[PDB]
Each structure stands twice: as structure tokens, then as C-alpha cells.
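# Working through the structure, step by step
One-letter residues, chain by chain:
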Protein chains: 6
Amino acid sequence: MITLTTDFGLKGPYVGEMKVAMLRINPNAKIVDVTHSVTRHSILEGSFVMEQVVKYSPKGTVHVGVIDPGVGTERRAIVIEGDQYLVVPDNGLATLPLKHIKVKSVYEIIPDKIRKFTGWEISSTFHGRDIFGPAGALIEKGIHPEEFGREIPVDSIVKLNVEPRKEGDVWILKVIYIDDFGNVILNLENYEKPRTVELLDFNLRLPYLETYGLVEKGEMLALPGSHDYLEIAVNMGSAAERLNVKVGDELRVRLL
Amino acid sequence: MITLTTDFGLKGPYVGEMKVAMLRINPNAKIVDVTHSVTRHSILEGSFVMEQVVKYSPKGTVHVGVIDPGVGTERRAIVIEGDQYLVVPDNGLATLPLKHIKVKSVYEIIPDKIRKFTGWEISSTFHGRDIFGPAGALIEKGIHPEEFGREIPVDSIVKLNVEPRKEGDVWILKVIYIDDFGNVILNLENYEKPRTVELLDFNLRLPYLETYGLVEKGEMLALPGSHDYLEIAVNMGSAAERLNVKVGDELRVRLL
Amino acid sequence: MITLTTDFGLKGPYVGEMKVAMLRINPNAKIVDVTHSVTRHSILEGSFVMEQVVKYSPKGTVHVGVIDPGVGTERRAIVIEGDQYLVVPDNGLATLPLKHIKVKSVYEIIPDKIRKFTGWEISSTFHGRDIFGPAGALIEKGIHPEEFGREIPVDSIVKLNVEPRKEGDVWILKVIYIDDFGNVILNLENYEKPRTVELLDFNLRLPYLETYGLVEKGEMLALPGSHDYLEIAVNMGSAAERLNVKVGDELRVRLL
Amino acid sequence: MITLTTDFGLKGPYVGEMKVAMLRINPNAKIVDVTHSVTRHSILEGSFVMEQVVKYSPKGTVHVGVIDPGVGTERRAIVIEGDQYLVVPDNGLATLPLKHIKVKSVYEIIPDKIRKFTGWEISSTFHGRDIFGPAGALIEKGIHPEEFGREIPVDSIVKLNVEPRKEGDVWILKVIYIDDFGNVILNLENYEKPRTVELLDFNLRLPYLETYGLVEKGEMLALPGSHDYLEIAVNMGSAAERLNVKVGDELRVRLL
Amino acid sequence: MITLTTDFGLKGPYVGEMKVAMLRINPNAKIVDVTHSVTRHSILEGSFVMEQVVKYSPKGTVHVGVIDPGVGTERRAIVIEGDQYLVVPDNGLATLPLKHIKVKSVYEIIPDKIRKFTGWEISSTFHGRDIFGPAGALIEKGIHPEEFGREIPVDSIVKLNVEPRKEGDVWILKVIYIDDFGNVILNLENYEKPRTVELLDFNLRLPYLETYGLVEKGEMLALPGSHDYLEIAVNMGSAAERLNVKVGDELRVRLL
Amino acid sequence: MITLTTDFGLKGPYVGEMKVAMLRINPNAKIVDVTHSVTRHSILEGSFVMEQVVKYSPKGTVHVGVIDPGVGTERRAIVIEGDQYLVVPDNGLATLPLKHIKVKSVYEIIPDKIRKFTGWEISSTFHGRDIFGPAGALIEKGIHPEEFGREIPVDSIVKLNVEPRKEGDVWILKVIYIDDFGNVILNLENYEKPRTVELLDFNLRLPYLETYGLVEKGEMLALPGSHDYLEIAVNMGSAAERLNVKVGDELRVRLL
Ligand SMILES: Nc1ncnc2c1ncn2[C@@H]1O[C@H](CO)[C@@H](O)[C@H]1O
Ligand SMILES: Nc1ncnc2c1ncn2[C@@H]1O[C@H](CO)[C@@H](O)[C@H]1O
Ligand SMILES: Nc1ncnc2c1ncn2[C@@H]1O[C@H](CO)[C@@H](O)[C@H]1O
Ligand SMILES: Nc1ncnc2c1ncn2[C@@H]1O[C@H](CO)[C@@H](O)[C@H]1O
Ligand SMILES: Nc1ncnc2c1ncn2[C@@H]1O[C@H](CO)[C@@H](O)[C@H]1O
Ligand SMILES: Nc1ncnc2c1ncn2[C@@H]1O[C@H](CO)[C@@H](O)[C@H]1O
């Protein structure tokens, strides 16, 4: 199957257009919507979203990702062939997902070849419908990427900077994601299970417990989350609205 | 076919993870989204949504519902087997849907027996991806619930208070649901159709008509609705904003 | 394949019911969601959405559209048979889509004939679930529209006025759509590529470029768009935000 | 759903080619094999097979039948549009099936229009793969027959003579089919339940019972059958074996 | 999915009729043909065939088996609910398959209930199309057997005698199956790997090797087979035509 | 989509086992039967059948072919990757199909790596169910062959002699296939179309016409055929029985 991640929004024809276009090229493709509400142009959030889906997807799955603020410009459209596939703009969007994929090859999609398979013209502002979507549909049915692209160096693709630095014993982490519940996710993984977590920027000591219900309603806590990162949440409340933080912001955190 | 109802939200990887996880267990399950926008942790609301879908669903349909504020706590995860199936947390979510299901037996999902099918660790904060989703996928492909759970008494599961109260011929109804148009659904059903409905708390008299268009724009009415419950609405307006009521509120009502 | 376009909203059971009702009629129908977030009762907006999807859908595709403020009134429920199908309320919703369909026949759905196929009572406020959904599903599995309807004149159906007028060298263009990015779409097509677009009501002179990134972040511009309509946008910003416009407004535009 | 009935045989690539050709036109078509073992060029036998399948197929079903001894000659290739479809060579193959289809229109497939859809050259000896298969597939995904054909008179098509004649009290019945068990099927239907059936050509008086087991193993009998035609059988034996008959022979039968 | 095993034959409409009937009741059922060439009325061979398929089928699979010489008589039509399902005539056909199924319940299908789900009349000679097939299709979509049958004692079903006896050191086995290659299968399993195998009825000593190619072309051998029984084969020849044996025949075999 | 071609035969559990085994690995693989009636162990015949199917198959199609007399021996099991995929035993079966596949690489299936995917023991006499079928199902769902095999040189695989020989202007052609009608296919292709074809060995002169019907019933002709090879046939008769030739025989032929 093919998963879809974009920032197109839900109030319009964009998502539908991409889907029917994909079905034109592969009518029996099983298309799974991850989300289309990724913050406009937010490559980092889009990357986090895909990273999570990729972690639980069956090997052989095709992932189309489209947070393309640079659509129409000279940025490359690539295909990452490996354990699973990634069809995304060469803008760093593949960074997080790549952490969980055994890469075999990378290909730059060639617009002229892709239009050979689609039949319709390639717009300058909607590549998800004219390039990325079709490309995903082609791979799903067995077409090799070589057929519509040229290989490129694996290490020649834009990579985002998502790893945290540490000043002594203090962690300087960043908010890589915020869900609809207001739960805040921080770019810290593989750490040792703390007993407490202090958000030095707020002079708050937090209990580090397994789940929301372990603290009373309205109270804040830290948990190992469900995506292997450090999570900060308010039981039945919004941790984001408390600490009043955003994706991209940095926080000094000390793990006790 | 499997239906999905959650409070997960639309911008995140949550829904996508549960779907690929389900497909990873039953690669050709037909998954139908109901909604993922149920007000956060609102079991009553989630229960109303499931009730409606269950009423029109083909017999044999499997319904996965995840509004689970108590995720990872002592609360049980259950499977209800009958006319159709319900796979939800044991927190009352099944209350309304149960009204339309010929129940044969109920089972408690035993985590370890489930992990034997999935192959991956059960998180403490995302049972929709690690327990409920997989359980639904298994039932869908023919696996009996006994395979991953132990039978329990129907009467043992948690239930919500959903009965309307009547003081003489004044009804004390509860707002069980408000849709995107602001139409207010009150928990009154199977009543003699009135000519007028008066909302005693607002000193309003409303005509009881069959549809929105039967009154001028901006005018308020009461109708049979499409879900067998008494509906209050404003033709092309929002009864919820005009009456300023929220799910859970109680209204003194008299039918003339 | 069947497409869906409604103004039902995503926070509710409405979309779920229509779908399970459809799958009940034709259990193996492939249903593709276009959108259910169309502004309440906005027939024009719905019409634009459908037009775009129809242009890229394969021939044979069935399109169910439901933006029905007059549900339950005397307004007709029709089926437009052509190289693609449209199942919609006779309220002008089919106006734009018709521009890309060569119509063969038009039918008026007879409620009593449809009930013979569904088996359940038809409500007064939810025809999408009891009439339109079923109709689309029946056509999808091969049933001829005549079985549940009678032929009517192609030009007897409601039409919206979507044509832009020009006085002198000034275009009076209407905002037929606004997307989640705030990009504004005007009802002007088949025009000669301008160098600059002037929005007289704002004293704004905008550059006509190929894509968003061709200007600085925050700068406004005009583009050929990706839907064959003049598009007013703000690089990574909201054009509708600034111009403070909304679907339906008419702008005086000068093409230089 | 599309059904297939041919005389291609099972020891070859013929059936495989027609199928992959069809899936090439409509990759998600559900193809159901009826039989490909019809006696070579036996149009009558093919017609009986199709009749039976048509009687139980759901409305909307497309039936491709290919028993084509005159492939490549001037014989027409037609499409019979009704509450069910028939895609067959105009050689009388549709005779029996028509008895259960209310015909709406009949078309003559235009080779050049079909080639526009397939993309490959049309052979002279394998139209099932290059014309009929494609035609069925196109209709299945929603393309109207008119796109690749022109309407022709319903009664302008070849018909077989399948009516049984009666002289006095003696029926002259034809063997329209013989199954793998050797059970013989005569073209007599809508007759009053006899007590005994006499096969004059054999001086055999047979008992008319409900099923095989109602007589001794090895004994011959007559039954109402399961296809609404008089059936001559031998309990766990071959009736055609003994009577030494074959599809096409005419038996003089007396109904007592 | 549903598997199908019958003795209907391939030259006719029987198999097709059952399939379309099943799709009427469950149009998205995945139907897999095991075989339809089981020797007429041969319950033992039919049982062996099913036993093998059941061994490799996914849990939850539904198996419809129809070798029904007693069709129309008073023999019971049952459903065996367990690890997997068996929908077959109560004539011993379930014997072998039951060896690999964790049985939960057994049900006698009630003709009157089944016709409630089908809509068409139940013939006396074709229960595969009017009872067994529909029943299989119902279970595949989630309907419980209780819905169209009444439970009966697990041990009240006809069982075939398939186990071998042993006179001292000599085995008196029977031929339970013969494939198209002429390979002979004998009802002996779980035995200790012999070095030689003597067919005392022919005064032949046979090498007991892993596969056909281990002996020269035309030579006979014994192997553990691929179905866990003792197999007798002629490399690239017919072992059945040599020993000139049939299904059901007994052979005195001594394992050295 | 996956096609299947074998010499398994039609009456047995062999084909059914391979299909459920495949579905057990890839539950939603679309499996298309070509034939299972290839003359026992005839690699040449099996190769011809696959060639034809491959010619009309959509790019990306996976073709599983099992005619494997050397099953369980030293013979390798291979996967050929390219335009489409071939999964067959390394015994020459791929010879003809290879002519129509743009080969990218070839792999040898490593038994132990395959068992890691299936979960069950590999038999010594049924690799179609334990190796070839599973391998095809894996490729179909996106698994790269590298995952269960090691690359090998294209030129290393076994190949059949299939070239036609010419002695001056007499051709020495081979009967590469005979279908169910008795039409004889000779291994001659891309030749200047003749007016007459004389079979020197029978002192027969045959007209070269486009189809069967162009000669009287019972008469013999030569035609282009539908598979690009020279075909000899008898209008409504059997050229194979008239010439009394079998696959593999050689005929001295001259084109005038
Ligand atoms: N106004 C805009 N400015 C910049 N990018 C835009 C704008 N509107 C749409 N895009 C989109 O940005 C998305 C990635 O953020 C791409 O899918 C691209 O289509
Ligand atoms: N901050 C939170 N407090 C309580 N429950 C939560 C919180 N975030 C998510 N959940 C619940 O946990 C599950 C997965 O998000 C859902 O039941 C969801 O409603
Ligand atoms: N309050 C409302 N007023 C008018 N239309 C509504 C309202 N709520 C929903 N509708 C939508 O418009 C149709 C007619 O009212 C309904 O079936 C639904 O599609
Ligand atoms: N030898 C033959 N003579 C006549 N018909 C044949 C012959 N072989 C195949 N056919 C079948 O009849 C059609 C016309 O000959 C062919 O397309 C095929 O369907
Ligand atoms: N002539 C016959 N005698 C006995 N049984 C028959 C005969 N013809 C068909 N049957 C079939 O026997 C099959 C089982 O052997 C059943 O499917 C039943 O339909
Ligand atoms: N008796 C036999 N001798 C040689 N090969 C056989 C024999 N029986 C089956 N096979 C082959 O083994 C595989 C499974 O039957 C196929 O390749 C088949 O042709």
C-alpha cells in the first residue's frame, strides 16, 4: 500500500485530486491517509509524522510525502528505494524516516519521464498531483524508479538538523512535534529512564511516569511517550498551552 | 469491514499508525473512517457517533472505537461480540452502540495474547495502535476473540448514564451531541410527535417541523432529525451558539 | 470508483453513516473522499471542488456531491449520466463539473424506487445517507439510473452564475474558492498571460509568476495556479488574510 | 463483476492472455471463470452455460462469452446492454441468456475504436483477447458501449433454434447439454410434473423423481433438475453413456 | 477467504453458478478454487484434498466442500466452527480436515433460514449453489452460524474410516489418493523413517528417498511425500498405472 | 498481480495449497491462473505458455512458473528481476519468456532465507508451495529478492534450445506447442509472409491465410496465428492429429 502525508489541508480538492490521479495510474492501489493537516510548509513536523508511520509500516510500503513550499523551484524530486520507499521533495523531509530505512538507492525523478506515464501536463504549483503522487502509484505496481528517474548519491540529499546538544548535564532539546491534545514531543531518544525531569526554563520538576492517568487531571508530567521520544503532557489538558511553546523552540531540560 | 472512531485528532501520525498497524496484521482489511475529531476524551460524544454508524452498518461489521483518556491504566480493553462487533476501552464508550447490537458474549483483551499476534511491544499511552486496532483486524479476518481474551459478564462493563428524566410532563433532556452546523441533539426518543416544543429555560416556543427549510433563514425549530433523537436547529444557523449550550448540559423541555 | 464531496463536517457521524450505507448497497465499492469541510451550505464552493476532481478522474467515475441546504424540500435529487457521473441535489452544485463532462442523460431520482433498493426509510434531513449515497453506489455496481429515476431535460437543472464580467479593461472577478493556505482563486480562465495583475480595490500591483517561491517570503503575487484559474497568493502567507476576502466577493482586476 | 465462458481449453495460454489483457484495461476488475471447457465451437453448449450463470448473477454483471469458430470473418462482435451485459460474437451464442435479460440496447463493436483503448494490434484468430475481453473490461469500469461501437437492431442478431416441437403427445426434445456426470439435459421447460418419462427411441420408462438418491445405484431416472429443464440421469452413473447421446441429438419423449 | 472443493467437474455451469451466487450474498468475498475435479461422489478423495488445503490455510479461513451424492435426501448440511470453518454435507467429508481443526461448535444448516438470506428457491439437486455456497459466503462476512442453523453434537457427524490396521509387522494400508502424475498416496502417517519399503502384494522392495530425482527415470520409489503420508511414485512416470491400483484399494506394506 | 503456470494437474490439492500458502504470506495478492495442465514435466511447453502471457502482461507483473521434475535436487530455484518478474526453477523454463523481459538482475533463492518468511518447513517434493509461491507473493508485496536470495549471472541459468534451423531455403522447424484444438505452433517467427507453406515431410501444400474460416471445414492451412509463430491448423479440425505430430517433433518446411 501507499501512505500519504501532506500539508494540503482538508478544506479543498487537493487531496482528492492527488488520489484520483494516483488511481488513474494504478486503480487498485491501496491508499492510506496519514495526515494532510501538517502545519503549512513545516518540513520538520512532516518528517516526524512520516518517521512514526514508517516505523510500523509493513516492509515494501510506499510513502508519499508532500510538504513542498519550494514546489516549482529548482529543488529535486526524489525517490528513496530501500526497506520501504519514500517519494518526497529533496528538502530534508526524508530525514527522520530515513532513520528507520535500509536504503538501497536514491533517484531524482525526471519530469519528462513521469509525464510519459501520466499523459497530463505538469503544473508548477501542484507537484503532489503531477509528480509525487504518480511516482508513488507507479512503484506500488512494480515499476522500477530507474524507469522514470536517474540515480543520485544517497548522501547528496538535504538533511535536516534534528539532533540535540548537551551542555554538561543540561539537555538543550527542541520541540519536534505538538499533537491535537497539546502533548509536546522533544527530540530526545535512547536516553536512560529518569525518575524526574526538570524544565529549567520554567523551574518545574516533572514526574516521569508511564501514562497520563498516573497524575491528577490538570497536572503536568513527562513520559516515554509512544514514539520513543521524550513527551511532556498535561493529563487531560494541553501541555503546549501551559509552557506556551511551539514546534522548533528549544528547552533546557535536566534528567534526574 | 472495520469502522474507526477516535478522538486522536487530524494533525499527527496517530491515525496513520493504527491503520498501517492494522494492515500489518490483516493486509486486506477494508477500513472505514467515521471520525477522529471527537472532542478530546469525550466518551459520551464518542458513544453517540458509534451508535449512529452501528445503526446503518451491515451485520458482521467490526467497530473499533478509541476514546481512551485512561489509556495504560487499570481500565480493561474489551471486545463485544454479537450482531456486529465492538472493540473499545471499558469506559462506557459502548453504552449507546450496545442498544443496536444483539450481544452474544463479551471478552476482555489479554495484552500478552495480543502481542503474540502483533509481534511488537504494547505502549503505555497508545493502545489504539497496540491493542484495539490489532484486535479489530484479527476479528475481521476470522480470529475468534477467545484467541486473545477471556470471556467476562456483559453486566460487568462500565456504562454511562444516558436516560432522559421526566418531571410530570416536563422533560429534563441532555445534550448528547452537537454537530458541525450547531444542531443540538437531545436524548429523547420514541415520543409522540408534538406540534410545538418549548425550551422552558429560554422561554422559547419552537415549531416541530420535518426539515430545516420549513422556516425562514435564522429561525429556530425542532425536528425528528435523522438519528431518532429530538433535534433543535436554526435554519442555516447554529442552535448551539444561539442557545449557548454544550454537550452534557441539561434542558427543561415540554412538548405540546 | 466513487468520489465524495460534502459540507457535513468531520466532527460527527454523518460521513460514516453515508459510507456504511453505501457499502451496504455495494459492499465492494471503492470510495474516495474529496472533502467534507466545504463551508456549510456553500454550493459554489462545493461546485469548484467537484470541478477540479472531475477534471482528473478517469472516465466512468461516479461523483457524489452533497451540499444540501434544502434537503427535504421540493428541490430535486438528480443523476447526470455522461462519460462520468454526478449524483447531486438539483441546486446548481453541478454547474462547474458539467464543464468537463459530456452529458448523455439527466435523471430525477424517485425516492420510492430508491427505497426499494436500500430497504430503510428515507429521512427528511439526511438525503446524502438515504438517497444520494445509495444512488452513487447503485450506479457504481452497474444499475442504470432509469431503474430508480425518470429522465428530465439537461437544461431544466439549476445553474449557478459563475461567469466573470468585464467593463472596459477591468475584470470583475468573483472569489470562487479559498484554500487552507489562504490562496485566493478567481473565476478567470483562458486569459492571456499577464506580466502584472492589479487589484484595483486594494491599489495592489502584483507580479504574475509561475510559483510561490519566485518572490520573497511574505510577498504577495499572482500565478497561473494549478486549476486553470487566476490565483492570488502570498509566499508562505495567506492572501485571503490580507485582502480580507471570502468566497463570493467580487474583485475589480486589471490585467497588465 | 465479469464472467468468462469460452471453448479455449485449459491446456494452453489462451485464458491467461485474455485475463491479463483485461486486467491491463481495467486492473481492478473482478473476473469469474464459468468454464473454458465448452466443446470446441459448440455455440449451443456455450449458450446453455451462459443462460444458467446469467439467471443467478447480480444485476449489473458483465458476461464475456467466446465460442468463436468464425473469428476473423465477417461475423459481428456485439455488446448486448440490459440489466446485465453480454459481450459475445454475433453467432447465436446469446440466444439462451437473452431469455433472462431485459435488453435495452445492442451494439456492434468497432475494432478501430477498441484498438484506441487497448493499444495493441488486433489479431485475426484471437478476438477474445483483442476485442471481447477488452470490451467487457471497459464496460466493467464504466465506459459506455457507444464509445467503441454503434447501435444495431436487437432482432438483427443471430438466434439459435432452441425451441422443442411436439407431435401429438410426443415431445421432440434436443440435448442442449451434458455435464461431467453424464447427466443429460433436454430443452423442455415449464411442463407439468409427470409421474413417468418415456424415452421412445430406447423403449425406456423412467420414474420422475426429485433427486438421484431416490432410486438404486445404477438405475436411471428423470428429474426436474436444477436448471429448469428436464434432466435424464443415472444414480451415480452416466446417462449419456448408456443412451449414447450427445449435445444436439433429438429424443422422442412421452410425458406420462 | 473461502476455498472451494467439489466434484462438479469443469465442463459446465455448476462452478460458475455457485460463485456468482456466493458473490450475490458477499460480493467482496475472496474465493479460492482448490479443485472441482474430485472423482465423482468420492468423499474420501474430497476429504484428503481438503485436509491438505486446511493444513496450510490461514486461521479464520472458510472451506466449502461439496461432494454430495446424497444431495436432496435426508443427509444433514453442517457447518463446523473452529480454528477455521468447514461448510460441508454431513457425509464424512469433514473427517480428514477435522484432524487439523480446533473445533468450537457444529451446526446443522436450516434450509428455511438460508433461503431468508438468499431470496431464491432451494433446488433438490444443487445444494452447493443454494445452501453450501451461500452459507460459506455468509460466514466470510461475519454472520454467525447460529443465525441460519441449529447446534448439534460434535460427535454426531458421520466419520469416515481412514486409519490403517497392522497385522504383526505388516501394514495393511489403503490408497487414499492418486494425483494427475499417478503418484499413489497411502493412509500411513507419523511412522518411523524406513530405509526400504516393500509392497508385498507385488514382491517389490522400494528405496525410501527424499524425491523423485533420486532414482532414475522410469524407476519406482517411496518417499515421505509432501502431505505427511507415505507416497509411492515412479520418477517421471505413473506409479498408479504400474501397480495398477485405485483409491480405496488395500496394500500389504512392510517398512524396513 | 501474480500469474501461475504449472504442470500440477487439475484434480488434487496442489494448486489450492500453493494459493492459500501465497495468500498466507500476502493475503491480498491478486492471483491469476494461466494453466495447471501443462504436459507433465514439459519445460518447453511450460516455457511457451509463459512467453505468451508475459507478452500481454502489465509491466511489474510477477510470473510464478512451476514445472519442476527436478524438484528437491541440486537444481536452483531462481528469481529473474526486470520489466516483469519470473520466479521459476532453474531448468530452462524461463528461456522463451526472457525474450520479452528487460532483465535487470537474477537471483538464486536461498531456502533458509525463505523459510524465515514462511514459517514452515520446505518439503523435498513440493517447492511450488514452499519456495516459488512464497517468493512470488513476497515480490508482489514489495520485498526485494535480495532479501531471500543471492545475485547470480544471467548467463549462468539453464536454457533450452529453441532456435529454428534452415538448410538453404528449407526450414527445419520444431513443434513448440499444440493447443486443445490441435493447432500446431512451429518455432518460426519474423519471416516474410508466404503465399504457400509446404510441409515437405507430408508432401502437403498449404494456403497461407489469416484465419480458420478462410478454408472449408476439414481443410488444412497455415496462418500468422495469434502468437507471432507460424501456425498450422485444420478449420474446425485437428492439424496435430492429421499430421500426427507431437511437441518436440521437427518438420521440414518451405515457404513459397
Ligand atoms: N502560498 C503558498 N506559499 C508557499 N507554498 C505554498 C503555498 N500554497 C501552497 N504551497 C504549498 O506548500 C506546501 C509545502 O508546505 C506544498 O505542498 C505546496 O503546494
Ligand atoms: N494529555 C492527555 N491526557 C489524557 N489522555 C490523553 C492525553 N493525550 C492523549 N490521550 C489519550 O490517549 C489515547 C491516545 O492519544 C487516546 O485515548 C487519547 O484521547
Ligand atoms: N441547520 C441547518 N440548516 C440548513 N441546512 C442544514 C442544517 N444542518 C444541516 N443542513 C445541511 O443542509 C441540508 C438541508 O438543511 C441537510 O441535509 C444538511 O446537508
Ligand atoms: N482450428 C480451428 N478452427 C476453427 N476455429 C478455431 C480453431 N482453433 C481455434 N478456433 C476457435 O474459433 C475461433 C475461430 O476459428 C478462434 O478464435 C478460436 O476461438
Ligand atoms: N448422476 C448423479 N448421481 C448422483 N449424484 C450426482 C449425480 N449428478 C450430480 N450428483 C452430485 O454428486 C455430487 C457428489 O458426488 C454432488 O455435488 C451432487 O450434485
Ligand atoms: N512422479 C514424478 N516424477 C517426477 N516429477 C514429479 C513427479 N510428480 C510430481 N513431480 C513434479 O514435482 C513438482 C510437484 O508435483 C512438479 O514440478 C511436478 O511436475
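Its PDB header names X-ray crystallography as the technique used to obtain the model and reports a resolution of 2.60 Å.

This part takes up the pattern of salt bridges. Here the structure, examined in full by the defined rule, presents 116 salt bridges over all chains. Note that C:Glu189 and C:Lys99 form a salt bridge whose closest N and O atoms lie 3.1 Å from each other. Here the residue C:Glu189 occupies a position in the loop between β10 (184-186) and β11 (196-199), and C:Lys99 occupies one in the loop between α3 (95-98) and β6 (103-109), the gap between them amounting to 90 residues. Since its relative accessible area comes to 27%, C:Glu189 is described here as partly exposed. A relative accessible area of 38% means that C:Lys99 is categorised as partly exposed. Of the charged contacts in the structure, one is a salt bridge between F:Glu51 and F:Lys99, with a shortest N-O distance of 2.8 Å. Taken as a pair, F:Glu51 in helix α2 (residues 43-56) and F:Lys99 in the loop between α3 (95-98) and β6 (103-109) lie far apart in primary sequence, 48 residues in all. Exposure remark for F:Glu51: the relative accessible area of 0% places this residue in the buried category. One salt-bridge network, held together by shared partners, links A:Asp169, A:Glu198, A:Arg205 and A:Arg254.

Moving on to the site of ligand 3. Near ligand 3 there are 14 residues, and of these B:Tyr212, B:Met236, C:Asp68, C:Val71 and C:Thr125 occur at the shortest range. Note that a nitrogen atom of ligand 3 is positioned 3.0 Å from one of the backbone N or O atoms of B:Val234. Out of a free accessible area of 390 Å², ligand 3 has 96% covered by protein chains. Of the residues belonging to the shell around ligand 3, the class tally is 6 nonpolar, 6 polar and 2 charged.

The next point concerns the interface of chain A and chain B. Taken together, the contacts link 35 residues of chain A with 31 residues of chain B. Of the roughly 2,800 Å² buried between chain A and chain B on both sides combined, carbon and sulfur atoms contribute 60%. Summed over the three residues of chain A that lose the most area to chain B, namely A:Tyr56, A:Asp180 and A:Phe181, the buried surface amounts to 26% of that side. At the boundary of chain A and chain B, one finds 1 salt bridge. In this structure, A:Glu45 and B:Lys11 form a salt bridge, with 4.0 Å as the shortest nitrogen-oxygen distance. Our count for the contact surface shared by chain A and chain B stands at 17 residue pairs in polar contact.

The rules behind each value
- Residues numbered from 1 in each chain as written, not as in the entry; some residues may be left out.
- Chains lettered and ligands numbered in written order.
- Heavy atoms only, no water.
- Salt bridge = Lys/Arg side-chain N within 4 Å of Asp/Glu carboxyl O.
- Helix = DSSP H or I, 4+ residues; strand = E, 2+ residues; numbered from the N terminus.
- Buried < 20%, exposed > 50% of the residue type's maximum accessible area, 1.4 Å probe, protein only.
- Near = heavy atom within 4 Å.
- Polar contact = N/O pair within 3.5 Å; in protein donor to acceptor, adjacent residues only side chain to side chain.
- Areas by Shrake-Rupley, 256 points an atom, 1.4 Å probe, with all protein chains shown as cover.
- Nonpolar A, V, L, I, M, F, W, Y, C, P; charged D, E, K, R; others polar.
- Contact = heavy atoms within 4.5 Å.
- Buried area = accessible area lost by both parts, 1.4 Å probe.

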